[PDB]
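Q: Can you read through this structure? Questions will come right after.
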Amino acid sequence: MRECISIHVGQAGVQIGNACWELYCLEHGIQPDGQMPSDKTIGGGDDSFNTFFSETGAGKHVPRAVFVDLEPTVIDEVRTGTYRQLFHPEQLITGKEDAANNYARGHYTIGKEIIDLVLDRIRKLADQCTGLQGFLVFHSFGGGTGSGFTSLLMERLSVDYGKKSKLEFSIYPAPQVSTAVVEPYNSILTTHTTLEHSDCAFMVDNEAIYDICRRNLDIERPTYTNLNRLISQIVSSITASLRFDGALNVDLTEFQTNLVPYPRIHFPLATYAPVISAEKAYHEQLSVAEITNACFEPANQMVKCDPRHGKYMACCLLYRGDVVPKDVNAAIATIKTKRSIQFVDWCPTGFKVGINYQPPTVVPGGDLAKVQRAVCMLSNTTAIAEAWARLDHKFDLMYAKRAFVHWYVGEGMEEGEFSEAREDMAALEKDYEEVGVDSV
Amino acid sequence: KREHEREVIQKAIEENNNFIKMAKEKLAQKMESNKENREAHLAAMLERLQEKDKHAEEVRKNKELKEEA
Amino acid sequence: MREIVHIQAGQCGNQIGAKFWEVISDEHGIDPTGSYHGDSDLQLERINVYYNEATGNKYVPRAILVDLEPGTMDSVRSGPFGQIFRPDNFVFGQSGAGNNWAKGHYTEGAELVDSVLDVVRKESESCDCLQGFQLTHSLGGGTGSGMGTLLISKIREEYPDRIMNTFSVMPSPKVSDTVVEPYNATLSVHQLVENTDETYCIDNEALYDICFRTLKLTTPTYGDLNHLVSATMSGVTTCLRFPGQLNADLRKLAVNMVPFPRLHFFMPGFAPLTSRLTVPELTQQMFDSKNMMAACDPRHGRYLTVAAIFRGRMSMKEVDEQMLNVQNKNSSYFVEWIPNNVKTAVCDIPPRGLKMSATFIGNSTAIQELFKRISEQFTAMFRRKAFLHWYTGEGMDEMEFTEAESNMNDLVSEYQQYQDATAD
Ligand SMILES: CC[C@H](C)[C@@H]([C@@H](CC(=O)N1CCC[C@H]1[C@H](OC)[C@@H](C)C(=O)N[C@H](C)[C@@H](O)c1ccccc1)OC)N(C)C(=O)[C@@H](NC(=O)[C@@H](NC)C(C)C)C(C)C
Ligand SMILES: Nc1nc2c(ncn2[C@@H]2O[C@H](COP(=O)(O)OP(=O)(O)OP(=O)(O)O)[C@@H](O)[C@H]2O)c(=O)[nH]1
Ligand SMILES: Nc1nc2c(ncn2[C@@H]2O[C@H](COP(=O)(O)OP(=O)(O)O)[C@@H](O)[C@H]2O)c(=O)[nH]1
Ligand SMILES: [Ca+2]
Ligand SMILES: [Mg+2]
Ligand SMILES: [Mg+2]
């Protein structure tokens, strides 16, 4: 019951999936061959970790996950890597030719050749569930597959599963690690196409993560491996309420109720603490009060933007580890005194809090210190729209000269789809302005 | 009150079904339009290349005509 | 898994072609007999992009050698790496093209083109997933320029969805005194603007100037020029041949480099340029006009797009800092309406004989200087209708010359239009 199916799309989605599933295995005590000695029910069960793992008669715990990419070389590393036994081969799906950083190839020319096979494999996972809750979809904004195939997939999932919930983890581009000049086009196209199909989307700004790795972990030039280990901790924080239970645990769906006041306003800002190196964490106790305060420091946000220049519509705190109610209540009291957190006039101001007692885990060879307690704040702030404005501006610069547009038109797209997508983004920015205005 | 309860749940079903229906139709429209556009772009490209072939035939025809004179 | 088919045509095409295969064979640890004897797995990771595997673990270049006379190809065959090529992939006539584009394109070349296509199909059929074609050729002669462009058209007809890439050697009076060269080049450029996706402009003018002025070679040989060419071709194909993130295949390169379909002519550059370095120095030099393989000053135009490739063991932090520095300090020379238009790749494997090197690929509107130089030479002959009988005698019409000139001048106009454009 309450199963969640994860779908990892394109290089970024797949590589982040690697990092997340490895971390989940460590958190639950699952070996790379999928055995879990602590699990006494063989071949099934309804424990909390079963929302994310099915089981075979032979004791294997198998991710409820599909990996899909339009070329094989990234998923091939999964197929031959450390966790190769973890996945059934049919969960790992590849084509031969990728989308070449072109939304149109991912959604149409190339994506159309594999979409039916992908849905068939998702259906096999869905059939195993006794109460499927929804999907978690991981993908880049910038890549041709991450943008175009994800959009196609989300549209097809709405048809095949109706309003079954679909959440996204979406990688927002940064120039330090970007690989295509047309990423703003792909970003706007996929955000427009997916908007009415997604219930909640957590944007992960690669520049924010890049900065945190440089500044907090003293990593000179972060790699995708550095970025993805940090990202996976944030994803783990957010999915922890689904995978563990405890008296103080609050389900992700309850946070979602508070976080989404209108269907289109569904992009929470995540902020995570503590991000600290072993060297600096040694002989340093980071209290509940300290990690909570860090949630309101924009340096720790997953998306670059300034909530102090915006208004809040909701604030959720997701704690894990050695965290007791009295300390959380005292920390929030302090914050409400010292920080001006301004809410819109039509929302209550109380923070919604969940606590999971299982402490954070780290993967061997990482740069993150292992800590006794951590927190992820999820906030609904008008400031998140800053991220749209930056992308929309880059789109506008190129589109005004129709730069690169012929690559899309040559694959069957029309200029009307570009302008329609950009107009939807203009309307989204206007929606975020409007919810911030005081009531009459 | 019971009639109202029935109406509310049938409304929920109808709106879910209509969402699926319109998603389904939008997608079929988009895919057909894309297919036709891409095929037309390829057709035009081939058409131009085939005109080059014809032109080349004329060039050789022209050379042959010049030759005996 | 993503194969490239290589075609080399005419004297120049086969000369630089052979050198390219010698150079990357060494980089991938392939010996002249096709046997692998290398030290690192990174050498074999993407070997199938350029080589077929045969029995007994032999690697054979996916290469087709084309000419209308047999001399150069005989030279290649009894070369160092002559035996590495597939014998059936040598396709040659006997009568030559006499430095006549019309012979290459309409007459002699047209008689040989079908047997070349037979070899192309054989190589393409056995591909797991063909990405496209790369052609080496000169624009000044008759076979490479005329038959080379004919092959492009024919291949495009049967593979219209694949990428077509050329390494095109531009003629210069300094290197050769053949009078008809601007005709052959202008007729060629007319074909390339319509039918290739990306063309590297290898300018003999620039090659001669580097050899004479920089390398201080009093009398540069063709061998000297080709040394630059092979270094360059190695550099710009590094991201295709070794594992990597950026511009890792022909189509992703094109999507990053070509904002408008006709503007697909690149100015390559290489550092260091030496004959008998810090990251800041590498970076300075690769953006330096003295290091460009096309005879154009980038400070006389603006960059639409740039790809930079660094090779060797170096600090990626430093490379990132220096690339940001170059763009910031020279912001006027990058079009503001294409954000983030400079992409950088680093490959750990240096080229033979260097600790580190840098290769530059620019789509700069200053490339119009190259086309203007040709156009000037062209029009000087064509205004007085000089030497046209060579071409009309093969059946060509004057109007085709006019159209070719017209198209090339249009290409120049378009570079200027985008050089002049502003964001606001
Ligand atoms: C500047 C134009 C080319 C570059 C030079 C060069 C030709 C060359 O290198 N030639 C003519 C094929 C033989 C080759 C060289 O000969 C010494 C060998 C060693 C070679 O470079 N071999 C290389 C490794 C080989 O791959 C190869 C490449 C191309 C062709 C043949 C062989 O010789 C100085 N030439 C014609 C010249 O310098 C001649 N200059 C002129 O003709 C001038 N007008 C009088 C202009 C056109 C340059 C002088 C000899 C009078
Ligand atoms: N955080 C993170 N970002 C990544 C990773 N891989 C790629 N990206 C980002 O994703 C964008 C590029 O899209 P990719 O996911 O590589 O492309 P793809 O989905 O495989 O699509 P095609 O290759 O075009 O078929 C750029 O913004 C990259 O910085 C990763 O492992 N982690
Ligand atoms: N860089 C370089 N240029 C060459 C070489 N051989 C010929 N060329 C140039 O190519 C043009 C002549 O074309 P060529 O290839 O000799 O004629 P083809 O055999 O009919 O293609 C002239 O501008 C020459 O300067 C070479 O080995 N290297
Ligand atoms: Ca069990
Ligand atoms: Mg990819
Ligand atoms: Mg010659």
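Note that chain C is numbered according to Swiss-Prot, with residues 1-276, 284-431 shown in order.
Method of determination (from the header): X-ray crystallography, 1.8 Å.
Backbone N, Cα and C atoms are what each Cβ position is placed from, and that goes for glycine too.
According to Swiss-Prot, the motif 'MREI motif' annotation covers C:1-4. According to Swiss-Prot, the feature GTP binding site maps to C:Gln11, C:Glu69, C:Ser138, C:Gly142, C:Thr143, C:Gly144, C:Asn204, C:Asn226, an assignment based on similarity to another entry. Under the heading phosphoserine, Swiss-Prot lists C:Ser40, C:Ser172. Feature annotation from Swiss-Prot assigns phosphothreonine to C:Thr55, C:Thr285, C:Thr290. The feature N6-succinyllysine is assigned by Swiss-Prot to C:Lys58. What Swiss-Prot lists as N6-acetyllysine is C:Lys58, and the listing cites similarity to another entry. Per Swiss-Prot, ubiquitin cross-link is recorded for C:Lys58, C:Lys324, and the stated evidence type is similarity to another entry. According to Swiss-Prot, the Mg(2+) binding site annotation covers C:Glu69. According to Swiss-Prot, the feature omega-N-methylarginine maps to C:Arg318, an assignment based on similarity to another entry.
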Q: Fewest other Cβ atoms within 10 Å: which of the recorded positions C:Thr55, C:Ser172, C:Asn204, C:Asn226 wins that one? Let me know.
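A: Lowest Cβ count within 10 Å among the recorded positions (C:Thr55, C:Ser172, C:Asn204, C:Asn226) is C:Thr55.
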Q: Under a threshold of 6 Å between Cβ and any atom of ligand 6, which of the recorded positions C:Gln11, C:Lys58, C:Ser138, C:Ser172, C:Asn226, C:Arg318 are retained?
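A: Among C:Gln11, C:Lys58, C:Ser138, C:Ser172, C:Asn226, C:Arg318, near ligand 6: C:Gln11.
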Q: From the DSSP assignment alone, can you count helix, strand and coil residues within the motif 'MREI motif' (C:1-4)?
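A: Its residues fall into 0 helix, 1 strand, 3 coil.
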Q: Between the binding-site residues C:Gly142, C:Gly144, where is the Cβ count within 10 Å the lowest?
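A: Minimum Cβ neighbour count within 10 Å, taken over the binding-site residues C:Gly142, C:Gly144, occurs at C:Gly142.
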Q: Cα within 10 Å of C:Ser172 (phosphoserine) is the criterion; apply it to the recorded positions C:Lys58, C:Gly144, C:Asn204, C:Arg318 and give the hits in sequence order.
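A: Of everything listed, what lies within 10 Å of C:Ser172 (phosphoserine) (Cα to Cα) is C:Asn204.
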Q: From the Cα of C:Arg318 (omega-N-methylarginine) across to the Cα of C:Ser138 (GTP binding site), what is the distance in angstrom?
A: 28
Q: When C-beta separations to chain A are restricted to under 8 angstroms, which of the recorded positions C:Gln11, C:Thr143, C:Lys324 qualify?
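A: Listed in sequence order, the recorded positions near chain A are C:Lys324.
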Q: Whole-number Å only: compute the distance from the Cα of C:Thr290 (phosphothreonine) to the Cα of C:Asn226 (GTP binding site).
A: 23
Q: Using a 10 angstroms cut-off on Cβ to Cβ distances, just flag whichever of C:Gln11, C:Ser138, C:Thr143, C:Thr285 is the loneliest among these recorded positions.
A: C:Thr285
Q: Round to the nearest Å and give the CA-to-CA distance linking C:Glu69 (GTP binding site) with C:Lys58 (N6-succinyllysine).
A: 29
Q: Tell me which residues of the chain lie with their Cβ under 8 angstroms from that of C:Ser40 (phosphoserine), as long as they are six or more apart in sequence?
A: C:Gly29, C:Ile356
Q: Could you give the Cα-Cα distance between the residue listed as 'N6-succinyllysine' and C:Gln11 (GTP binding site), in whole Å?
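A: About 28 Å separates the two Cα atoms.
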Q: So among C:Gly142, C:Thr143, C:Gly144, C:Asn226, C:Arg318, all listed as recorded positions, which is physically nearest to C:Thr285 (phosphothreonine)? Use the C-alpha atoms.
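A: Result for C:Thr285 (phosphothreonine): the nearest of the recorded positions is C:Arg318.
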Q: In terms of DSSP three-state secondary structure, what is the assignment for C:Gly144 (GTP binding site)?
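A: Looking at the DSSP assignment, C:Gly144 (GTP binding site) belongs to a helix.
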